[PDB]
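To keep things clear, I will list the structure first and then write my remarks on it.
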Amino acid sequence: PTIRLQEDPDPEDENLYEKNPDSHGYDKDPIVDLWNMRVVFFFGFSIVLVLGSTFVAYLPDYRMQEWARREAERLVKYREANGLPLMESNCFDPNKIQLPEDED
Amino acid sequence: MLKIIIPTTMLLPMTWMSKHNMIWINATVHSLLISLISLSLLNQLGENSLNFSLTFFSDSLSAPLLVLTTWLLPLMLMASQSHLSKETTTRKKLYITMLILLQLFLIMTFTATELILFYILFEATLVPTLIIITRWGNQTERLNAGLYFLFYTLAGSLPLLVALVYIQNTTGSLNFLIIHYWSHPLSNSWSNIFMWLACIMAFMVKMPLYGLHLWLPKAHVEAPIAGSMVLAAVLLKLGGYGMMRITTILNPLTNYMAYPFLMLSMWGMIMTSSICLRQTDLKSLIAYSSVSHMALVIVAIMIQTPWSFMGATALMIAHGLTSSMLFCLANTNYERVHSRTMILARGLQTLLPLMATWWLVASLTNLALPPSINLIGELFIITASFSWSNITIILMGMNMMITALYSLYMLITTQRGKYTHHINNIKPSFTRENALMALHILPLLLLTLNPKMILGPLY
Amino acid sequence: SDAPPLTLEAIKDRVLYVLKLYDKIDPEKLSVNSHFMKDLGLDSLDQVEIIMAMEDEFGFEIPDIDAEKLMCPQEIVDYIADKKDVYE
Amino acid sequence: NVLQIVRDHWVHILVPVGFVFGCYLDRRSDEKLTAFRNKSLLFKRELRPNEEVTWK
Amino acid sequence: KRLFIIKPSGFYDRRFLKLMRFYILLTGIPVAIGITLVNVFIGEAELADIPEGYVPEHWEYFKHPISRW
Amino acid sequence: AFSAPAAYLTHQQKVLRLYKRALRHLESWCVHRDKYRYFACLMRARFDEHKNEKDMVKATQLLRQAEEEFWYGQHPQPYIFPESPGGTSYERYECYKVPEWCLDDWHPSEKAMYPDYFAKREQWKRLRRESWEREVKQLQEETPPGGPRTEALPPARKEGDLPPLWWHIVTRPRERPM
Ligand SMILES: CCCCCCCCCCCCCCCCCC(=O)OC[C@H](COP(=O)([O-])OCC(O)COP(=O)([O-])OC[C@@H](COC(=O)CCCCCCCCCCCCCCCCC)OC(=O)CCCCCCCCCCCCCCCCC)OC(=O)CCCCCCCCCCCCCCCCC
Ligand SMILES: CCCCCCCCCCCCCCCCC[C@@H](O)O[C@H](CO[C@H](O)CCCCCCCCCCCCCCC)COP(=O)(O)OCC[N+](C)(C)C
Ligand SMILES: CCCCCCCCCCCCCCCCC[C@@H](O)O[C@H](CO[C@H](O)CCCCCCCCCCCCCCC)COP(=O)(O)OCC[N+](C)(C)C
Ligand SMILES: CCCCCCCCCCCC(=O)SCCNC(=O)CCNC(=O)[C@H](O)C(C)(C)COP(=O)(O)O
């Protein structure tokens, strides 16, 4: 036969615009395609995007940024008035630390 | 966090019980709802992590990754339904099943409290990806691409398993909280050096580190579009997440074991950026872009500073979004002209203006235009490297110039010039493709508006 | 606005004007179908000079392969009209 | 007529039901880790005249 | 004269743009109106000291009504 | 740009091209018109001095010498017409050129405007569809057995034939499309 095998020919690609000039590119069935467009748009842009962005914008301050700012204001006020240094090099009281006896 | 895991497991029978013509609609709607639910994980604390149970916990590093995974599922669904139209119903359901299983494994991987469970899930992510690539790829190179993807990964991951069981026999636990609180320094001995290498090489090959990246162009070019999306956006970030987790027990040995990987990352960053300048395949260019950005992420993780960790987190999220968008943009042209060669279809801005705008925005985020989170991450990493050593700016500086060059080269080659005369089958952009590009790009700028949500636990 | 919509009559008028400002061509003996070699007795160099004069008049160059072929004012006018998309 | 509508769109309750079941199971899991409720040095508190537990 | 100008089909891009605008506005105009109404008619809380013997609720530690909710 | 090229140029063709190039570059050097006319007449006299050389070898040697002199003495920044391949407006309007097949994909609402234009378009398309096979067969007949040797195409000869391969030459976008 001068052939090697029985095979279907490679078919041409279908244009969704031919049977549906406003086809939205979701499906060949116009009704299913239209509703796929609608659900994608509503649940992506209207619900997740805008409402999720609002939710994230108004999340309560569990990172304690404002609490830390107010605590630092109290500490600075107290230390400035008393004449104490604003900050201490050692964050742990040396009285609770026991260095090794001998360094030689 | 079963309120997120269980709905995906329910996505499975929902897909397998749907009518033959509603599978895409149902999967997309419920995937988007699951993403909305996962959005609640962004409410993180400042001191410790959210410890849901003995098995699952959520940190400020894994919450954006989970949100990215759950958001990426619907986009993959929209991107896949075009070229799967002629497929039978059972095979379409199997494709959706593969995607759902991949999402479930990824969701469980980012929240596992133990390292062995994390290993099991991070290795279970292989089977759906390999099946997707080798079954629904287009060309005959997909088989070799699957083999390369499998064995490069496993040859790195098995020594990690040995090291993990050894560590559990030594310290008595692999729970991450116990590991962090009861951390002890690593001495300088050959046993400790090889333990370091066993704990690091699997994540290095996942990034992938330069010289160990040959699997990535094959796998990311030969895969279908959803495979490429999830391979570039999420699966590469497993290496970075695992490396930031595991480096807790590797100090102070890292102080000098990081040198070869740092040199490889910087020089291979330069090399992969240069490779992007002479590339005839449009998808391979995007793959090598991913390699360069991940080399930057490797450097940031290796130098071990708070600024470098913040930059690494931001860069991983930004790169996931940008690279997924670029892959989808290339797939649109491929579906139009059935060829990946970059200089075949030219002057496309004349024929498709809105798609040209999407191309411009994607390539602008690729080159890290301020104040995008791409640039926030890149600049944090560059500052951390400069503090590490003032001479890194030269290598970092060269990379910035090269990245801009190849990004705009891609843009000008594909969109500008004159349209090829013989190609007359370039139909107008569908609503689906435009919605896909918009859903890629709008979250990027929205995250730019509030950047502390992607800056990690060191913030 | 911009320059007017150039027409075939204007093109022919300008071509004949330039040709009648040429000292080696007699005005009345010149016609719109006059050949440069046969009827007017010009050599190749004169044809090259005429082509350059046409280029100056219309503000655009003509490729040498195309330029060599034109032999009568009709061919020059036709080439100019086809180049500038003139149909009326 | 709702028979066909239900048999065509009953797959739309699986995911919300999974969500509420996951919420319930998370509450149940939280119920098993109360060994230190109202016992930490930072949050130890005297009970109100009416309440029984500080958190659920 | 007036000639025909050959262009690619601008119908589908315009349709997508107006659909995206419609849905985004559809959900984002009510949200903006609600935020404005809440801010005008339910202001932010005023920082005050904890009265003796009172144990505030966990949401009583934030100032914005939407964050508190 | 419109004529099919030949396998090679002839000696007189090369001389004419060099003459045009030299005149243009001399005009670039001589900005003013009277000076240009003076030196152009001098150049023409110099060109036609050796016009009557029957030894082709010495003619080509003189042509070689003249080309070398031109390359040494050319203007580094010669005048270019704005739409010539090096001009400031060379490909300025290429971005406004849209192929005619793009009209096949317009939405029916877009085609609702301009009904008569699209009726004429349908007539043109029917004409092309009817003439294609006759064009192909005429090309088949007129082509030598060993394939074509030049890029020149035959015209129409029969009753209502059309010159083969005409659609993309006739339906060019425009020179000022938008
Ligand atoms: C088109 C789409 C196409 C595609 C594009 C892509 C779109 C993607 C969208 C995705 C979703 C995004 C959603 C984002 C969620 C974020 C919402 C949020 O957090 O709101 C934040 C923020 C609300 O802050 P807040 O924390 O909630 O309130 C805290 C206080 O308690 C409040 O203080 P208060 O007690 O004073 O109350 C103030 C109250 C009341 O204020 C007033 O009444 C006073 C105002 C002054 C009036 C005084 C004179 C006028 C009257 C005088 C005459 C009448 C009286 C006398 C009558 C006789 C006449 C003589 O006003 C408000 O409540 C705030 C306005 C509500 C805005 C909420 C935004 C929600 C957006 C979600 C929808 C997203 C889609 C967009 C669609 C939205 C619709 C287009 O809203 C703002 O954006 C404020 C911005 C205005 C500040 C001024 C601008 C300063 C400029 C500086 C930069 C200069 C450089 C140049 C750059 C200029 C560029 C602008
Ligand atoms: C097509 C035409 C386009 C042009 C026309 C557009 C017309 C104008 C509209 C453009 C808006 C201009 C932007 C200007 C900024 C104003 C909004 C800003 O003020 O809000 C920010 C708030 O923005 C949000 O916080 C960021 C949005 C969150 C982004 C998350 C994306 C949603 C999930 C989607 C999928 C996720 C994928 C990625 C995985 C990680 C402020 O943050 P914050 O300083 O606090 O507020 C202080 C007061 N609070 C705290 C009480 C609220
Ligand atoms: C293609 C990309 C692949 C990925 C790249 C992976 C990178 C792996 C590189 C490993 C980094 C360092 C490994 C070992 C640490 C030091 C290396 C050694 O050369 O340093 C000296 C070691 O001295 C000598 O070099 C001895 C080692 C000589 C034998 C090693 C073979 C190296 C040959 C190169 C083979 C290529 C290896 C990679 C295969 C692909 C230090 O002196 P010393 O203080 O005494 O040893 C320190 C350990 N102590 C403290 C316990 C004693
Ligand atoms: C600004 C600086 C640039 C200037 C530098 C240039 C200097 C070049 C000047 C000297 C070069 C010459 O003249 S070299 C002269 C070469 N001589 C011959 O070729 C003899 C045979 N004649 C023919 O072949 C044709 O008759 C022909 C003469 C071509 C006319 O063609 P028509 O009659 O059939 O139109």
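Labeling convention for the structure tokens: chains A, B, ... as they appear, residues from 1 per chain, ligands from 1 in order of appearance.
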
Mind checking which residues fall within 10 Å of stretch 348-358 of chain B, counting only C-alpha atoms, ignoring those fewer than 3 positions away in the same chain, and posting them as a PDB file with N, CA and C atoms, in the first residue's frame?
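The file below, part_36.pdb, is the result:
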ATOM      1  N   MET B 325       0.935  34.129  34.738  1.00  0.00           N
ATOM      2  CA  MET B 325       0.355  35.017  33.733  1.00  0.00           C
ATOM      3  C   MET B 325       1.108  34.932  32.407  1.00  0.00           C
ATOM      4  N   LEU B 326       2.442  34.903  32.461  1.00  0.00           N
ATOM      5  CA  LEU B 326       3.233  34.836  31.234  1.00  0.00           C
ATOM      6  C   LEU B 326       2.999  33.529  30.484  1.00  0.00           C
ATOM      7  N   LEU B 329      -0.295  33.821  28.707  1.00  0.00           N
ATOM      8  CA  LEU B 329      -0.159  34.696  27.548  1.00  0.00           C
ATOM      9  C   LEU B 329       0.479  33.967  26.375  1.00  0.00           C
ATOM     10  N   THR B 332      -2.013  31.423  24.736  1.00  0.00           N
ATOM     11  CA  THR B 332      -3.010  31.986  23.818  1.00  0.00           C
ATOM     12  C   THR B 332      -2.495  31.998  22.378  1.00  0.00           C
ATOM     13  N   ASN B 333      -1.289  32.531  22.173  1.00  0.00           N
ATOM     14  CA  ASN B 333      -0.708  32.554  20.836  1.00  0.00           C
ATOM     15  C   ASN B 333      -0.466  31.144  20.316  1.00  0.00           C
ATOM     16  N   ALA B 345       4.705  34.509  14.742  1.00  0.00           N
ATOM     17  CA  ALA B 345       3.611  35.470  14.779  1.00  0.00           C
ATOM     18  C   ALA B 345       4.116  36.775  15.381  1.00  0.00           C
ATOM     19  N   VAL B 361       1.777  44.673  30.694  1.00  0.00           N
ATOM     20  CA  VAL B 361       1.744  44.672  32.156  1.00  0.00           C
ATOM     21  C   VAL B 361       2.509  43.476  32.718  1.00  0.00           C
ATOM     22  N   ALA B 362       2.354  42.301  32.100  1.00  0.00           N
ATOM     23  CA  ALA B 362       3.077  41.127  32.580  1.00  0.00           C
ATOM     24  C   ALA B 362       4.586  41.314  32.461  1.00  0.00           C
ATOM     25  N   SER B 363       5.055  41.851  31.332  1.00  0.00           N
ATOM     26  CA  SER B 363       6.489  42.046  31.162  1.00  0.00           C
ATOM     27  C   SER B 363       7.017  43.211  31.990  1.00  0.00           C
ATOM     28  N   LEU B 364       6.160  44.161  32.368  1.00  0.00           N
ATOM     29  CA  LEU B 364       6.584  45.201  33.296  1.00  0.00           C
ATOM     30  C   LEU B 364       6.758  44.644  34.701  1.00  0.00           C
ATOM     31  N   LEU B 411       8.676  41.245  24.586  1.00  0.00           N
ATOM     32  CA  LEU B 411       7.544  42.113  24.264  1.00  0.00           C
ATOM     33  C   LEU B 411       7.628  42.651  22.837  1.00  0.00           C
ATOM     34  N   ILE B 412       8.793  43.176  22.449  1.00  0.00           N
ATOM     35  CA  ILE B 412       8.939  43.794  21.136  1.00  0.00           C
ATOM     36  C   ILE B 412       8.876  42.753  20.027  1.00  0.00           C
ATOM     37  N   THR B 413       9.465  41.574  20.239  1.00  0.00           N
ATOM     38  CA  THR B 413       9.393  40.526  19.231  1.00  0.00           C
ATOM     39  C   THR B 413       7.970  40.036  19.012  1.00  0.00           C
ATOM     40  N   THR B 414       7.183  39.869  20.076  1.00  0.00           N
ATOM     41  CA  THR B 414       5.844  39.325  19.906  1.00  0.00           C
ATOM     42  C   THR B 414       4.793  40.354  19.510  1.00  0.00           C
ATOM     43  N   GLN B 415       4.873  41.587  20.006  1.00  0.00           N
ATOM     44  CA  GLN B 415       3.778  42.532  19.833  1.00  0.00           C
ATOM     45  C   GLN B 415       4.025  43.582  18.763  1.00  0.00           C
ATOM     46  N   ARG B 416       5.262  44.015  18.568  1.00  0.00           N
ATOM     47  CA  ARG B 416       5.569  45.096  17.647  1.00  0.00           C
ATOM     48  C   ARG B 416       6.091  44.530  16.332  1.00  0.00           C
ATOM     49  N   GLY B 417       6.378  45.429  15.401  1.00  0.00           N
ATOM     50  CA  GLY B 417       6.743  45.036  14.058  1.00  0.00           C
ATOM     51  C   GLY B 417       5.530  44.963  13.152  1.00  0.00           C
ATOM     52  N   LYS B 418       5.632  44.132  12.129  1.00  0.00           N
ATOM     53  CA  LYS B 418       4.531  43.963  11.203  1.00  0.00           C
ATOM     54  C   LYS B 418       4.056  42.529  11.277  1.00  0.00           C
ATOM     55  N   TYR B 419       2.744  42.346  11.220  1.00  0.00           N
ATOM     56  CA  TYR B 419       2.142  41.027  11.293  1.00  0.00           C
ATOM     57  C   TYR B 419       2.596  40.163  10.132  1.00  0.00           C
ATOM     58  N   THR B 420       2.823  38.885  10.396  1.00  0.00           N
ATOM     59  CA  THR B 420       3.237  37.979   9.344  1.00  0.00           C
ATOM     60  C   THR B 420       2.093  37.916   8.343  1.00  0.00           C
ATOM     61  N   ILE B 426      -5.965  34.459  13.052  1.00  0.00           N
ATOM     62  CA  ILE B 426      -5.787  35.066  14.369  1.00  0.00           C
ATOM     63  C   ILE B 426      -7.124  35.703  14.736  1.00  0.00           C
ATOM     64  N   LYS B 427      -7.959  34.929  15.415  1.00  0.00           N
ATOM     65  CA  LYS B 427      -9.294  35.347  15.802  1.00  0.00           C
ATOM     66  C   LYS B 427      -9.241  36.303  16.991  1.00  0.00           C
ATOM     67  N   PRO B 428     -10.304  37.078  17.213  1.00  0.00           N
ATOM     68  CA  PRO B 428     -10.315  38.003  18.350  1.00  0.00           C
ATOM     69  C   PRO B 428     -10.234  37.272  19.682  1.00  0.00           C
ATOM     70  N   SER B 429      -9.701  37.975  20.676  1.00  0.00           N
ATOM     71  CA  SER B 429      -9.534  37.402  22.004  1.00  0.00           C
ATOM     72  C   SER B 429     -10.887  37.088  22.627  1.00  0.00           C
ATOM     73  N   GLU B 433     -10.119  34.373  27.939  1.00  0.00           N
ATOM     74  CA  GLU B 433      -8.699  34.704  28.018  1.00  0.00           C
ATOM     75  C   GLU B 433      -8.473  36.044  28.709  1.00  0.00           C
ATOM     76  N   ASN B 434      -9.300  37.040  28.390  1.00  0.00           N
ATOM     77  CA  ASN B 434      -9.172  38.341  29.032  1.00  0.00           C
ATOM     78  C   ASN B 434      -9.455  38.248  30.525  1.00  0.00           C
ATOM     79  N   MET B 437      -6.384  36.744  32.223  1.00  0.00           N
ATOM     80  CA  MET B 437      -5.309  37.715  32.417  1.00  0.00           C
ATOM     81  C   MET B 437      -5.646  38.709  33.525  1.00  0.00           C
ATOM     82  N   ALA B 438      -6.897  39.172  33.574  1.00  0.00           N
ATOM     83  CA  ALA B 438      -7.292  40.121  34.612  1.00  0.00           C
ATOM     84  C   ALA B 438      -7.204  39.500  36.000  1.00  0.00           C
ATOM     85  N   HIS B 440      -5.227  37.148  36.862  1.00  0.00           N
ATOM     86  CA  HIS B 440      -3.812  37.082  37.210  1.00  0.00           C
ATOM     87  C   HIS B 440      -3.305  38.425  37.720  1.00  0.00           C
ATOM     88  N   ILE B 441      -3.622  39.508  37.011  1.00  0.00           N
ATOM     89  CA  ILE B 441      -2.880  40.745  37.236  1.00  0.00           C
ATOM     90  C   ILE B 441      -3.453  41.585  38.377  1.00  0.00           C
TER      91      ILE B 441
ATOM     92  N   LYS E   7      -9.934  47.847  10.409  1.00  0.00           N
ATOM     93  CA  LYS E   7      -9.478  47.630  11.771  1.00  0.00           C
ATOM     94  C   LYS E   7      -9.853  46.220  12.192  1.00  0.00           C
ATOM     95  N   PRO E   8      -9.165  45.664  13.182  1.00  0.00           N
ATOM     96  CA  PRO E   8      -9.630  44.418  13.792  1.00  0.00           C
ATOM     97  C   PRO E   8     -10.883  44.653  14.623  1.00  0.00           C
ATOM     98  N   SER E   9     -11.601  43.562  14.878  1.00  0.00           N
ATOM     99  CA  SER E   9     -12.866  43.642  15.596  1.00  0.00           C
ATOM    100  C   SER E   9     -12.678  44.166  17.013  1.00  0.00           C
ATOM    101  N   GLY E  10     -13.172  45.370  17.277  1.00  0.00           N
ATOM    102  CA  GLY E  10     -13.138  45.963  18.594  1.00  0.00           C
ATOM    103  C   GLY E  10     -14.351  45.677  19.446  1.00  0.00           C
ATOM    104  N   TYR E  12     -15.337  42.644  20.858  1.00  0.00           N
ATOM    105  CA  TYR E  12     -15.185  41.676  21.938  1.00  0.00           C
ATOM    106  C   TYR E  12     -14.372  42.245  23.096  1.00  0.00           C
ATOM    107  N   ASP E  13     -13.323  43.015  22.794  1.00  0.00           N
ATOM    108  CA  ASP E  13     -12.553  43.656  23.855  1.00  0.00           C
ATOM    109  C   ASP E  13     -13.408  44.650  24.632  1.00  0.00           C
ATOM    110  N   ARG E  14     -14.204  45.450  23.920  1.00  0.00           N
ATOM    111  CA  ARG E  14     -15.096  46.397  24.580  1.00  0.00           C
ATOM    112  C   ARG E  14     -16.138  45.677  25.425  1.00  0.00           C
ATOM    113  N   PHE E  16     -15.821  42.716  26.887  1.00  0.00           N
ATOM    114  CA  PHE E  16     -15.167  42.225  28.094  1.00  0.00           C
ATOM    115  C   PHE E  16     -14.929  43.351  29.090  1.00  0.00           C
ATOM    116  N   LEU E  17     -14.470  44.507  28.603  1.00  0.00           N
ATOM    117  CA  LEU E  17     -14.186  45.618  29.503  1.00  0.00           C
ATOM    118  C   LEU E  17     -15.445  46.080  30.219  1.00  0.00           C
TER     119      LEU E  17
ATOM    120  N   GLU F  94       3.374  51.666   9.124  1.00  0.00           N
ATOM    121  CA  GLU F  94       3.185  50.224   9.042  1.00  0.00           C
ATOM    122  C   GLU F  94       2.307  49.694  10.167  1.00  0.00           C
ATOM    123  N   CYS F  95       2.278  50.382  11.310  1.00  0.00           N
ATOM    124  CA  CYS F  95       1.452  49.938  12.425  1.00  0.00           C
ATOM    125  C   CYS F  95      -0.030  50.185  12.180  1.00  0.00           C
ATOM    126  N   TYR F  96      -0.372  51.055  11.231  1.00  0.00           N
ATOM    127  CA  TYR F  96      -1.759  51.333  10.894  1.00  0.00           C
ATOM    128  C   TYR F  96      -2.300  50.428   9.797  1.00  0.00           C
ATOM    129  N   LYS F  97      -1.465  49.575   9.213  1.00  0.00           N
ATOM    130  CA  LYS F  97      -1.878  48.706   8.120  1.00  0.00           C
ATOM    131  C   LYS F  97      -2.476  47.428   8.688  1.00  0.00           C
ATOM    132  N   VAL F  98      -3.715  47.136   8.308  1.00  0.00           N
ATOM    133  CA  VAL F  98      -4.456  45.983   8.802  1.00  0.00           C
ATOM    134  C   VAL F  98      -4.841  45.132   7.600  1.00  0.00           C
ATOM    135  N   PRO F  99      -4.578  43.828   7.611  1.00  0.00           N
ATOM    136  CA  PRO F  99      -4.934  42.995   6.461  1.00  0.00           C
ATOM    137  C   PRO F  99      -6.442  42.905   6.283  1.00  0.00           C
ATOM    138  N   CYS F 102      -9.063  40.487   8.177  1.00  0.00           N
ATOM    139  CA  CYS F 102      -9.548  40.765   9.525  1.00  0.00           C
ATOM    140  C   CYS F 102     -11.021  41.146   9.525  1.00  0.00           C
TER     141      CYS F 102
END

Give me, as JSON lines, the closest atom pair and its distance (Å, one decimal) for every residue of chain B within a cut-off of 10 Å of ligand 3, counting only C-alpha atoms and all ligand atoms, rows sorted by chain and rising number.
{"residue": "B:187", "atom": "CA", "partner": "ligand 3", "partner_atom_place_in_ligand_line": "50 (C)", "distance": 8.5}
{"residue": "B:188", "atom": "CA", "partner": "ligand 3", "partner_atom_place_in_ligand_line": "50 (C)", "distance": 4.9}
{"residue": "B:189", "atom": "CA", "partner": "ligand 3", "partner_atom_place_in_ligand_line": "51 (C)", "distance": 3.6}
{"residue": "B:190", "atom": "CA", "partner": "ligand 3", "partner_atom_place_in_ligand_line": "51 (C)", "distance": 4.9}
{"residue": "B:191", "atom": "CA", "partner": "ligand 3", "partner_atom_place_in_ligand_line": "51 (C)", "distance": 8.1}
{"residue": "B:192", "atom": "CA", "partner": "ligand 3", "partner_atom_place_in_ligand_line": "51 (C)", "distance": 8.5}
{"residue": "B:193", "atom": "CA", "partner": "ligand 3", "partner_atom_place_in_ligand_line": "14 (C)", "distance": 6.4}
{"residue": "B:194", "atom": "CA", "partner": "ligand 3", "partner_atom_place_in_ligand_line": "13 (C)", "distance": 8.1}
{"residue": "B:196", "atom": "CA", "partner": "ligand 3", "partner_atom_place_in_ligand_line": "13 (C)", "distance": 9.7}
{"residue": "B:197", "atom": "CA", "partner": "ligand 3", "partner_atom_place_in_ligand_line": "8 (C)", "distance": 7.5}
{"residue": "B:200", "atom": "CA", "partner": "ligand 3", "partner_atom_place_in_ligand_line": "6 (C)", "distance": 9.6}
{"residue": "B:201", "atom": "CA", "partner": "ligand 3", "partner_atom_place_in_ligand_line": "6 (C)", "distance": 7.6}
{"residue": "B:204", "atom": "CA", "partner": "ligand 3", "partner_atom_place_in_ligand_line": "4 (C)", "distance": 8.2}
{"residue": "B:205", "atom": "CA", "partner": "ligand 3", "partner_atom_place_in_ligand_line": "4 (C)", "distance": 8.4}
{"residue": "B:209", "atom": "CA", "partner": "ligand 3", "partner_atom_place_in_ligand_line": "4 (C)", "distance": 7.4}
{"residue": "B:210", "atom": "CA", "partner": "ligand 3", "partner_atom_place_in_ligand_line": "2 (C)", "distance": 6.7}
{"residue": "B:211", "atom": "CA", "partner": "ligand 3", "partner_atom_place_in_ligand_line": "1 (C)", "distance": 4.5}
{"residue": "B:212", "atom": "CA", "partner": "ligand 3", "partner_atom_place_in_ligand_line": "2 (C)", "distance": 5.7}
{"residue": "B:213", "atom": "CA", "partner": "ligand 3", "partner_atom_place_in_ligand_line": "2 (C)", "distance": 9.1}
{"residue": "B:253", "atom": "CA", "partner": "ligand 3", "partner_atom_place_in_ligand_line": "15 (C)", "distance": 9.6}
{"residue": "B:256", "atom": "CA", "partner": "ligand 3", "partner_atom_place_in_ligand_line": "15 (C)", "distance": 7.9}
{"residue": "B:257", "atom": "CA", "partner": "ligand 3", "partner_atom_place_in_ligand_line": "11 (C)", "distance": 5.5}
{"residue": "B:258", "atom": "CA", "partner": "ligand 3", "partner_atom_place_in_ligand_line": "11 (C)", "distance": 7.6}
{"residue": "B:259", "atom": "CA", "partner": "ligand 3", "partner_atom_place_in_ligand_line": "11 (C)", "distance": 7.4}
{"residue": "B:260", "atom": "CA", "partner": "ligand 3", "partner_atom_place_in_ligand_line": "7 (C)", "distance": 5.6}
{"residue": "B:261", "atom": "CA", "partner": "ligand 3", "partner_atom_place_in_ligand_line": "7 (C)", "distance": 6.3}
{"residue": "B:262", "atom": "CA", "partner": "ligand 3", "partner_atom_place_in_ligand_line": "7 (C)", "distance": 9.8}
{"residue": "B:263", "atom": "CA", "partner": "ligand 3", "partner_atom_place_in_ligand_line": "5 (C)", "distance": 9.9}
{"residue": "B:264", "atom": "CA", "partner": "ligand 3", "partner_atom_place_in_ligand_line": "5 (C)", "distance": 7.7}

Nearby polymer residues, ligand 1, at most 6 Å, only C-alpha atoms and all ligand atoms, as a PyMOL selection string: (chain A and resi 49-50+53-54+57) or (chain E and resi 21+24-25+28-29+31-32+35-36+39-40+43-44)

Cut-off 9 Å, only C-alpha atoms and all ligand atoms, neighbours of ligand 4 as a ChimeraX atom specification: /C:42-48 /F:10-16,18-19,21-30,43-56,58-75

Coordinates-based distance that separates atom CA of residue A:95 from atom CA of residue A:82 (Å, one decimal):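 Spanning atom CA of residue A:82 to atom CA of residue A:95 is a straight-line distance of 22.3 Å.
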
Backbone-only DSSP, alpha helix (DSSP H) members of chain D, as a PyMOL selection string: chain D and resi 2-9+14-30

Two-atom distance - atom CA of residue F:32, atom CA of residue C:3 (Å): 26.1 Å

Residues of chain E that have any atom at most 9 Å from an atom of ligand 2: could you tabulate them with the shortest-distance atom pair and the distance in Å to one decimal, using only C-alpha atoms and all ligand atoms, ordered by chain and increasing number, as JSON lines?
{"residue": "E:17", "atom": "CA", "partner": "ligand 2", "partner_atom_place_in_ligand_line": "1 (C)", "distance": 7.0}
{"residue": "E:18", "atom": "CA", "partner": "ligand 2", "partner_atom_place_in_ligand_line": "1 (C)", "distance": 8.8}
{"residue": "E:20", "atom": "CA", "partner": "ligand 2", "partner_atom_place_in_ligand_line": "1 (C)", "distance": 8.1}
{"residue": "E:21", "atom": "CA", "partner": "ligand 2", "partner_atom_place_in_ligand_line": "1 (C)", "distance": 6.9}
{"residue": "E:64", "atom": "CA", "partner": "ligand 2", "partner_atom_place_in_ligand_line": "51 (C)", "distance": 6.6}
{"residue": "E:66", "atom": "CA", "partner": "ligand 2", "partner_atom_place_in_ligand_line": "51 (C)", "distance": 8.1}
{"residue": "E:67", "atom": "CA", "partner": "ligand 2", "partner_atom_place_in_ligand_line": "51 (C)", "distance": 7.5}

Contact set, chain F to chain A: 9 Å, only C-alpha atoms, as an NGL selection string: :F and (105-108)

Using C-alpha atoms, can you export the residues from the last selection as a PDB file, in the first residue's frame?
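Saved the output as again.pdb:
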ATOM      1  CA  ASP F 105     -14.208  38.316  11.964  1.00  0.00           C
ATOM      2  CA  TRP F 106     -16.189  41.490  12.682  1.00  0.00           C
ATOM      3  CA  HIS F 107     -19.253  41.031  14.852  1.00  0.00           C
ATOM      4  CA  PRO F 108     -22.542  41.200  12.901  1.00  0.00           C
TER       5      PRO F 108
END

Do a neighbour search on residue E:27 at 8 Å with only C-alpha atoms, toss out local chain neighbours closer than 6 positions, and write the hits as a PDB file with N, CA and C atoms, in the first residue's frame.
ATOM      1  N   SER A  46     -16.801  39.854  41.584  1.00  0.00           N
ATOM      2  CA  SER A  46     -17.737  40.420  42.549  1.00  0.00           C
ATOM      3  C   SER A  46     -17.521  39.858  43.949  1.00  0.00           C
ATOM      4  N   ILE A  47     -17.263  38.558  44.066  1.00  0.00           N
ATOM      5  CA  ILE A  47     -17.257  37.929  45.381  1.00  0.00           C
ATOM      6  C   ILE A  47     -15.848  37.861  45.953  1.00  0.00           C
ATOM      7  N   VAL A  50     -13.390  41.760  45.288  1.00  0.00           N
ATOM      8  CA  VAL A  50     -13.750  42.980  46.011  1.00  0.00           C
ATOM      9  C   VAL A  50     -14.019  42.686  47.484  1.00  0.00           C
ATOM     10  N   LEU A  51     -14.858  41.685  47.760  1.00  0.00           N
ATOM     11  CA  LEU A  51     -15.200  41.384  49.147  1.00  0.00           C
ATOM     12  C   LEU A  51     -13.995  40.855  49.914  1.00  0.00           C
TER      13      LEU A  51
END
